[PDB]
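Visitor: give me a model of this one.
(3 chains, ligands or ions: 6)
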Amino acid sequence: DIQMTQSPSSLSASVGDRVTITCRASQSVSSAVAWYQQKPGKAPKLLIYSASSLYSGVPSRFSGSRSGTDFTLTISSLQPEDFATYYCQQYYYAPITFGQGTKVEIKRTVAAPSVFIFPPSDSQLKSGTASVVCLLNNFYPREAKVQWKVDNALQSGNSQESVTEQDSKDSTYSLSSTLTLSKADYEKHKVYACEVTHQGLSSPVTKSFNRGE
Amino acid sequence: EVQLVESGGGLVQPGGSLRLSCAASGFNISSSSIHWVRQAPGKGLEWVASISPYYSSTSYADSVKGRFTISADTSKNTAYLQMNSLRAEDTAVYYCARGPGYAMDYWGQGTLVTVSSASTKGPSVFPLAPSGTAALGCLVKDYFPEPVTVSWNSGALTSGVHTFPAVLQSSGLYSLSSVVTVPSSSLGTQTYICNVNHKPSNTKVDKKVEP
Amino acid sequence: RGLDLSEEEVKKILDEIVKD
Ligand SMILES: [Ca+2]
Ligand SMILES: [Ca+2]
Ligand code: NA
Ligand code: NA
Ligand code: NA
Ligand code: NA
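Guide: Numbers count the residues shown, from 1 in each chain, chains lettered A, B, ... in the order given. Ligands and ions are numbered 1, 2, ... in the order given. Take a look:
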């Protein structure tokens, strides 16, 4: 069985830069290696076959090479249309194997999040539950710490985060953090706050509200 | 006009059976190989099975042998993946692809297969009310299975919208929020409606978001 | 036309697709 060990699992690069993804096979696969591009929500598209041949429509900035067991895909200058996940593949013989993928994300300057907090809707409380939503909108880099405080007590094990894919225009991220409680548990406190720390903020930003105001 | 269109996915009980199909256009399936490749949510591509419709020969990944069967019918220019003894681990998007040998030179857009004993359930949609840019949205809460779609003002509102990827709750139901920012001078006059669609449960909701 | 196409034969077909 052939293993295909692809590296790195993710990378950030600016537009115009050179990016290098490598795939290391466990044994000789001769030149029977392909590379694929997958954009979020879409089918993969073939970019390279037999280590170094460019497929239909693939611009001259993608290139592939082999040295024994190592396979490399290079983009000479990252263009915005090149943000995607990349996969190596051996078609030497079955079982067929793909590498784990490489997510290429573009580099950008630091942008602090704008923070918004949303108390639970009155219709949700009538249903029996309460969701408090903290929104961090349009920031970079993706790393960011969101911390919930209720009655100024740090919370744990009751909030879930979701992050958008990098945006195509401004190339930033947005994040939601959602605290969900039963209606009884929600009315047992007064003040709900989310504190946000991020590279772009000189000090952590807190958004809070008092449950009955 | 080369096309590959998968169908037959959906929500299926564990231990059950499902038959996927892949209709091909713009080429004869007996001129190439056909491949089934799956992608579990948030994970990489994993080969499932391949067939030469011309020779009828087949090959399979270890983890599906015996319980999956790939076949093809050249007179329908269509291939199939009969999946049996389904497990939670088989939940994934299943792509059909063509190419010589095991190269895959064209891929369809795939079909979502969800293997779960949980029942379908439509979301409840709650406003995220705004409080000079303002943020507002809707919480699309407690649905199963994936996917839902969210638009704003029937697709007329597109700039500044963020629809977050869904997250599994501890209860086994999904939830997500969709937000939009807009300068605040509009908050009393412009109407903001989020249109939510959950095809698996035949649920359609349009919720007005007011401050 | 089968699964067991040699790597050179796979090359040839994709090469001929690229040309056309
Ligand atoms: Ca090799
Ligand atoms: Ca360039
Ligand atoms: Na928390
Ligand atoms: Na076989
Ligand atoms: Na028939
Ligand atoms: Na084979």
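
Visitor: all contacts plus neighbour counts: C-alpha atoms, from now on.
Guide: Will do.

Visitor: how close does the closest residue to residue C:13 other than its chain neighbours sit to ligand 1?
Guide: Residue nearest to residue C:13 in three dimensions, not counting chain neighbours: residue B:100, with 7.0 Å by Cα to Cα, 6 or more residues apart in numbering or on different chains. Look at residue B:100 and ligand 1: by Cα to the ion, to the nearest Å, they are 19 Å apart.

Visitor: which residues touch residue B:100?
Guide: Going by Cα atoms under 8 Å, 6 or more residues apart in numbering or on different chains, residue B:100 touches B:32, B:33, C:1, C:2, C:3, C:5, C:10, C:13, C:14.

Visitor: next, it: phi, psi?
Guide: Main-chain torsions, residue B:100, degrees, to the nearest 10: phi -70, psi 140.

Visitor: go on, residue B:196?
Guide: phi -120, psi 130.

Visitor: what is residue 207 paired to in the beta sheet?
Guide: Looking at chain A here, since you left the chain open. Residue A:207 has these beta-bridge partners by DSSP bridges: residue A:194.

Visitor: not quite, go with chain B.
Guide: Here residue B:207, judged by DSSP bridges, has bridge partners residue B:194.

Visitor: and chain A, what are its domains?
Guide: Annotated domains of chain A cover A:4-106, A:114-210 [automatic domain parsing].

Visitor: how distant is the shortest one from the center of its chain?
Guide: Which is domain A:114-210. Distance of domain A:114-210 from the chain centroid (Cα atoms, centre = their mean, to the nearest Å) equals 19 Å.

Visitor: likewise for the longest one?
Guide: Its chain's C-alpha centre lies 18 Å from the corresponding centre of domain A:4-106 when counted by Cα atoms, centre = their mean.

Visitor: can you confirm whether it lies near ligand 1?
Guide: Yes: using Cα under 5 Å from the ion, domain A:4-106 reaches ligand 1 at A:28, A:29, A:30, A:69.

Visitor: so the last one touches residue A:22, yeah?
Guide: No: no contact is recorded between residue A:69 and residue A:22 when judged using Cα atoms under 8 Å, the distance being 10.4 Å.

Visitor: okay, those two: which has more neighbours?
Guide: residue A:22 (22 against 15; other Cα atoms under 10 Å in any protein chain shown).

Visitor: what sits against the more buried one?
Guide: A:6, A:7, A:8, A:70, A:71, A:72, A:73.

Visitor: select only the buried ones of these in PyMOL?
Guide: To isolate the buried ones among the contacts of residue A:22 in PyMOL, judged by 16 or more other Cα atoms under 10 Å in any protein chain shown, type:
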select buried, chain A and resi 6+7+70+71+72+73
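
Visitor: go through the contacts of residue A:22 and name the one nearest ligand 3.
Guide: Distance ranking of the contacts of residue A:22 against ligand 3, using Cα to the ion, places residue A:8 first at 30.8 Å.

Visitor: for that closest one, which non-adjacent residue is spatially closest?
Guide: residue A:102 (6.2 Å).

Visitor: indicate whether the one helix or strand residue C:14 maps to makes contact with ligand 1.
Guide: Following DSSP states H and E, one finds residue C:14 within helix C:7-19. No: judged by Cα under 5 Å from the ion, helix C:7-19 stays clear of ligand 1, getting no closer than 11.6 Å.

Visitor: in that helix, what's buried?
Guide: C:7, C:10, C:11, C:14, C:15.

Visitor: which one of the residues in chain B is closest to ligand 4?
Guide: In chain B, the residue that lies nearest ligand 4 is residue B:59 (3.6 Å; Cα to the ion).

Visitor: actually chain A, sorry about that
Guide: Closest point on chain A to ligand 4, by Cα to the ion, is residue A:94, at 8.6 Å.

Visitor: stretch B:189-202: end-to-end distance?
Guide: 32 Å (Cα to Cα, to the nearest Å).

Visitor: pretty sure residue A:205 sits against residue A:193.
Guide: No: the pair residue A:205 and residue A:193 fails to qualify as a contact (Cα under 8 Å) at a distance of 10.2 Å.

Visitor: neighbour count for the two, which is higher?
Guide: Remark: of residue A:205 and residue A:193, residue A:193 carries more neighbours, 23 against 15, as counted by other Cα under 10 Å.

Visitor: wait, that one touches residue A:211, no?
Guide: No: in this structure residue A:193 lies outside contact range of residue A:211 using Cα under 8 Å: 10.5 Å.
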